[PDB]
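Enquirer:
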Amino acid sequence: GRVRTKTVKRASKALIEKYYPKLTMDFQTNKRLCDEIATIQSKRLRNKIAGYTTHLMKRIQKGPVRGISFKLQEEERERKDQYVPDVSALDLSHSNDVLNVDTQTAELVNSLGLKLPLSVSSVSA
Amino acid sequence: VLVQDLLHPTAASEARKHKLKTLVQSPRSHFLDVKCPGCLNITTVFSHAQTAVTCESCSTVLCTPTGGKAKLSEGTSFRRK
Amino acid sequence: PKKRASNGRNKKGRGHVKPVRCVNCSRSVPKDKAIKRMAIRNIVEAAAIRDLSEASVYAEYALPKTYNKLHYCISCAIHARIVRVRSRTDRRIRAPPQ
Amino acid sequence: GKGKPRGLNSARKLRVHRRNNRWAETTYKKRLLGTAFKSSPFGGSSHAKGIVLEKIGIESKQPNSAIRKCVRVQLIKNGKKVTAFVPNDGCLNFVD
Amino acid sequence: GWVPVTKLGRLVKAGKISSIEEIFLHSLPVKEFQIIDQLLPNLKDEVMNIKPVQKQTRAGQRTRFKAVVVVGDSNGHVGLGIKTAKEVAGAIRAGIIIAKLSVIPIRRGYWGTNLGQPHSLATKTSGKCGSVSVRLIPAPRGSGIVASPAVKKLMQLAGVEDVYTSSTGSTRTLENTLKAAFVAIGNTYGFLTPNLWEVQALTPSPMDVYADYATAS
Amino acid sequence: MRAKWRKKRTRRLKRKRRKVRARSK
Amino acid sequence: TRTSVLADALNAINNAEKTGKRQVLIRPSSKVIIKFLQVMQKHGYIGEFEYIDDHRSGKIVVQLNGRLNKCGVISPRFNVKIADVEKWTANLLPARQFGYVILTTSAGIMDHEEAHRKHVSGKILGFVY
Amino acid sequence: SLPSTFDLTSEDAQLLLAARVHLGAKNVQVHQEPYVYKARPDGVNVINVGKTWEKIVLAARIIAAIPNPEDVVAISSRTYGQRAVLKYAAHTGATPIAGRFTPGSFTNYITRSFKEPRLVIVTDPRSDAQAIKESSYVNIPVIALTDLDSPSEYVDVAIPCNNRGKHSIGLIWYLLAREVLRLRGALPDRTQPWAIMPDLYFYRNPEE
Amino acid sequence: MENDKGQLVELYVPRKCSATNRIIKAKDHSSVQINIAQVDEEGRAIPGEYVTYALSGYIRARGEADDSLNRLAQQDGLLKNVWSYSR
RNA sequence: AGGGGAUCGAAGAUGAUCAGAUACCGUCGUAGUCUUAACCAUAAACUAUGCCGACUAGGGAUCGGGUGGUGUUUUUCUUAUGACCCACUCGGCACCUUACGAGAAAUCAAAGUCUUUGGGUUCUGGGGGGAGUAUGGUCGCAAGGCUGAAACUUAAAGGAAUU
Ligand SMILES: [Mg+2]
Ligand SMILES: [Mg+2]
Ligand SMILES: [Mg+2]
Ligand SMILES: [Mg+2]
Ligand SMILES: [Mg+2]
Ligand SMILES: [Mg+2]
Ligand SMILES: [Mg+2]
Ligand SMILES: [Mg+2]
Ligand SMILES: [Mg+2]
Ligand SMILES: [Mg+2]
Ligand SMILES: [Zn+2]
Ligand SMILES: [Zn+2]
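Same order as they appear, the protein sequences are chains R, b, a, X, C, h, W, A and V. Start counting the first sequence at 2; every next residue gets the next number (the deposited numbering). Start counting the second sequence at 2; every next residue gets the next number (the deposited numbering). Start counting the third sequence at 2; every next residue gets the next number (the deposited numbering). Start counting the fourth sequence at 2; every next residue gets the next number (the deposited numbering). Start counting the fifth sequence at 39; every next residue gets the next number (the deposited numbering). Start counting the sixth sequence at 1; every next residue gets the next number (the deposited numbering). Start counting the seventh sequence at 2; every next residue gets the next number (the deposited numbering). Start counting the eighth sequence at 2; every next residue gets the next number (the deposited numbering). Start counting the ninth sequence at 1; every next residue gets the next number (the deposited numbering).
1. How far does the alpha helix (DSSP H) with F220(C) in it reach, from first residue to last?
2. Do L93(W) and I110(W) count as a contact pair if the criterion is CB distance below 8 angstroms?
3. Can you give me the Cβ contacts of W89(W) inside the same chain, cut-off strictly under 7 angstroms, excluding the 5 residues immediately before and after it?
4. Quick check on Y38(A): buried or exposed, where buried means 16 or more other Cβ atoms within 10 Å of its Cβ?
5. Does DSSP put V54(b) in a helix, in a strand, or in coil?
6. Starting from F47(b), trace the beta strand (DSSP E) both ways and give me its first and last residue.
7. From the beta carbon of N80(W), is the nearest beta carbon of chain C less than 8 angstroms away?
8. Name the DSSP bridge partner or partners of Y204(A)?
9. Looking at C-beta atoms only, is the number of pairs between the stretch 130–140 of chain C and the stretch 42–58 of chain W that lie closer than 8 angstroms three or more?
10. Which one of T101(C), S204(C), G197(C) has the shortest CA to CA distance from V184(C)?
11. Which residues does DSSP pair with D34(b) in a beta bridge?
12. Classify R23(h) as buried or exposed, calling it buried when 16 or more other Cβ atoms lie within 10 Å of its own Cβ.
13. Might you give, ordered along the chain, the residues of its own chain that have their beta carbon closer than 7 angstroms to the beta carbon of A71(b), omitting 5 neighbours on each side?
14. Could you name the residues of the stretch 43–67 of chain A whose beta carbon sits closer than 7 angstroms to any beta carbon of chain C, in the order they occur along the chain?
15. Please determine, among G44(X), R13(X), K81(X), the residue with the shortest C-alpha to C-alpha distance to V53(X).
16. Over the uninterrupted beta strand (DSSP E) stretch that includes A105(C), give me the two end residues.
17. Nearest to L234(C) by CA position, among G98(C), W149(C), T101(C), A160(C), is which residue?
18. Taking the CB atoms as reference points, tell me whether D33(a) and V45(a) lie closer together than 8 angstroms.
19. Could you give the C-beta distance for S158(C) and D200(C), rounded to a whole number, given that I count them as a contact under 8 angstroms?
20. State yes or no: is the beta carbon of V46(b) nearer than 8 angstroms to at least one beta carbon in chain V?
21. Going straight from the alpha carbon of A130(A) to that of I94(a), what length do you get?
22. Short of 8 angstroms Cβ to Cβ, which residues in the stretch 51–62 of chain V face chain b?
23. Ignore the nearest five residues each way along the sequence and tell me which others in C72(W)'s own chain have a CB closer than 7 angstroms to its CB.
24. For chain W, find out if any of its Cβ atoms is closer than 8 angstroms to the Cβ of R73(X); answer yes or no.
25. Do residue 151(V) and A66(A) have their CB atoms nearer than 8 angstroms?
26. Closer than 7 angstroms by C-beta to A99(A): which residues in its own chain qualify, once you throw out the five before and the five after it? Chain order, please.
27. Quick check on the burial criterion: 16 or more other C-beta atoms within 10 angstroms. Buried or exposed for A37(X)?
28. Show which residues of chain C have a CB atom less than 8 angstroms away from the CB atom of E2(V).
29. Of all the CB atoms in chain W, is at least one closer than 8 angstroms to the CB of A177(C)?
30. Leaving aside the five residues before and after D36(R) along the sequence, list all residues of the same chain whose C-beta is less than 7 angstroms from its C-beta, in chain order.
31. Using a beta-carbon distance below 8 angstroms, is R22(V) in contact with chain W?
32. Measure the C-alpha to C-alpha separation of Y53(R) and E18(R) and round it to an integer number of angstroms.
33. Against chain A, does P67(C) count as a neighbour if the rule is that its beta carbon must be under 8 angstroms from one of theirs?
34. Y68(a): buried (16+ other C-beta within 10 angstroms of its C-beta) or exposed?
35. For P97(A) versus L120(A), is the C-beta distance shorter than 8 angstroms?
36. Against chain A, with Cβ distances strictly below 8 angstroms, would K14(R) count as a contact?
Have a look at this one:
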């Protein structure tokens, strides 16, 4: 029976976006925050919104969630992103020099007019 | 596509194209100098025979006819003219 | 208008295809407008297998399958839900579902 | 393409074909068979004088309903019998 | 007043684009109708017709009104707008806007000898929409518009003085005819005529010269 | 009425007509 | 049967132009066709064209600038009688300023303007604009 | 023309080879592609890498010519490229679109994701077809990372590539970024191999 | 086009596609202008100076736009043997 | 008109079902179904797309042939065929995706290269009914076929799509 409406969920999302710092975990505090910030007309509606926010918060502390933005999450993502392998995947060190190429590839390289450390096979069907 | 030199195309492409459909029509067939394993005589056999061509001196049958290119008689050795 | 570009038949290069009779009602239908469902049923029903096995002399026995191709005149097929009415956009799919 | 012949010496075919086709055009057919003279109560003429046989009220076709006030006339020129509508509200009692 | 979405609109507001000519040249998409208003102050709006357009429901039938509007001055600019709404006035208004948005240029030309100021079209141009094919033919001076009243009005709006027409198909469905006419008019530019042979500069677009004036910061 | 049936009817009529003609002859 | 060669050539050219190609391969090739091409070249509707020798009929490679918006033969070569040229022009050409009706006269193959200048007429061939 | 520094120098070529840009053309082949150089006896066609490099350079030259950094839109719907796109955006000026495109983005001046680009770069025509289509409606040029299989409709400048990829797309993106930067003058020299890694682009699934 | 008193009429002269020579129309919302920047020494890409190419919508729609662009480039020397004349 | 006549079966019988049911369903069942000599000349004899020719756009299939593969297998040692495999190529039955072209649209690689109208040709149509009727020919043993009207009548008959 209990499924939340647009006017609850959307509002909750907006709240989360605005105020992820200072909108934290437990219900009563969240409710109070809602009362302070949002201009909610009814009490019941406000309560519902608060509940939804709490739920969202709970969900958050287990991984990121779609549609929900907030400025800390973005920062975290950015931080995560800036990772480089020291060796590199295109280093050729894993192949122990002489990058594994085909005959055709070798020919192409030759035709370009370039000197490269090459290792040549054949490959057939 | 759009812009091409239709006059002098790539050789490979021309080769790929059907005889007739090339820039100027030319045969894909050729003539052969056929050496029979026995006697020292050279006969000029067309690659797409139709007739069972024998050496002019001795009856040996150098080529047998097929659909397109004719088949040579194993003991025989050819050289493209 | 043309409901089908195939005309619901599958012949084109032919001219006359010999008719097969319907397996359900004997409505003579061309061998291409025919709806051919090839039924490989097991000769013994799935629930009655165990009993048969128990009965049988020579344990580890093959138990054969019965084979027949069935030809349904299209109306019959429609009735018996072998074929269903599809949307204009998805009539086009010639590949079997499974 | 195009169904017709085009060649500079076709002419005759174009003519004859056109002539043949013309007969499917109804007015032309009427003109040529002369159905204005042979059939039709007026002998291909704009007007005709006749003698009034009797006055007949005719019931109109559908959507409408009203007795129309027509007159059965026998024409002087040939003797053919025709129905003729008498226009305007009174007018039927001008005929006899 | 007005506040513009789209860079072009902003540019127009600024005053960085002086005439619609530039827009026409660089095929820039006009998506705000106010631009047209700004650049062409002298647009007369002709409502061609209003017709009922119906949809069967379980209860009665929904009737909507189709407004067909032609827009233009007399200097080679015409727009054509079709709009359906339930209110008639509203429909008309929307149609006007649509027409404005559409607005196209015309290649006005001479019949024979370029004595002074072009009167006709430069080339025999056709336009086809639905079944209606509208052929427009360059007429000699002082022969007027020779057209079905609908097309004639459009021609007048465009600023063509003398033109022959050959509308064929089911011209009675007026909207289609109008569309065809519009298409034909459009076609006048896009015909490669010997007095257009020679290659020109390729100017940088007003969207690129004033890239900084574009976008609200 | 189906066209085929109409045709059939016509044919039937024509047979009778033919018979009549024959009789007359 | 290839009833008209010139017509075929013209159609091919048209097809090439419409699809935006910069070169055509005309396949049977004649005197008449060549003459027609030359007229176009003179009027600047076409680039350099060259005749491949097959030792049989021929083959023409034509470069298209893009200016030519329609060729077109008028097929049953009607005998045009000097005062009749005007009517043809009115019919076939898109304007009164430009475009050419190509007509074979005993003075040679030329555009209508040239014919007028020379005061000759003959059978019609095609048109270009 | 380019003054000799813009030749395919060995290191770059090596990198490309490692990525396997040259490899993934697939057996099936679009007729609008003469970027082919031989066909490996197995069936997989080999892309001419010099040509690809040249194309990339050309693209960069275009990108540089756009006066305002934000007016360039980089798009990817396919996951193997989203990260790369983001990286490119970060490095260049560039507005990114990752994942869902949202139709009526270039058209529809009411949308919140409404962009007015003057150049669009795409990872694939095949998968980000919608974006390409939209571009058509509003006169905006499309640089696309086509392999020898993807359709060339509305693609103005194609970079012959690998779209099976994983590494390759990312690498290409990185290269594009780098060249653009060089053109700008943000990287003062052309000889110096740039501080950051090609690996900084790429793509990694949730693993931590 | 041209009036008898010398001076031009013709409200604007239209752009022609650099690939086909075919005229680009006013509501040709498919056509494009490619700007390719003039390069200098140390790369550096000269500010506010470029080679421009107009492409009609039609070619783009067809697909042979890219090829055309390449061709255009390799006659102003912006590319070095990418497009070959003999295919 | 002979021969054959197993099955299936216009007519017929005949049992049900229905208000009726010499209709559907059931059971029989002459003619026919098969054939030999004649005749008949029509079918939604349909791709409802006349034939010949040129050109425009990709893509795989597939059948017939032919080329090139130190390609795979066969094995009686090289084999040599054959069968595959790949690539190309003419001819065919089709099909898939786009149309930048067509079209009233459904749809169409032709139904495209048509108001930017002309490659060559044969046939057919000119609102719906009356009517494929009347009549006159002619061909048929006959059934019928080919040919084919008009008077009069009528504001619609139709096509493709829509909610
Ligand atoms: Mg139906
Ligand atoms: Mg056959
Ligand atoms: Mg049949
Ligand atoms: Mg009975
Ligand atoms: Mg009974
Ligand atoms: Mg029965
Ligand atoms: Mg018939
Ligand atoms: Mg028929
Ligand atoms: Mg009739
Ligand atoms: Mg219907
Ligand atoms: Zn010997
Ligand atoms: Zn059945």
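By construction, the Cβ of each residue, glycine as well, lies at the ideal position given by its N, Cα and C atoms.
Expert: Quick look at the numbers:
1. 212–225
2. no
3. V81, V102, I125
4. buried
5. coil
6. 43–47
7. no
8. Answer by DSSP bridge pairing: none, since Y204(A) is not bridged.
9. no
10. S204(C)
11. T45(b), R80(b)
12. exposed
13. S48, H49, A50, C64, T65
14. none
15. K81(X)
16. 99–110
17. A160(C)
18. no
19. 5 angstroms
20. no
21. 23 angstroms
22. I59
23. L11, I14, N15, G127, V129
24. no
25. Residue 151(V) lies beyond the residue range present for chain V, which begins at 1 and ends at 87; the question has no answer from this structure.
26. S77, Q83, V86, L87
27. exposed
28. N152, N233
29. no
30. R47
31. yes
32. 13 angstroms
33. yes
34. exposed
35. no
36. no
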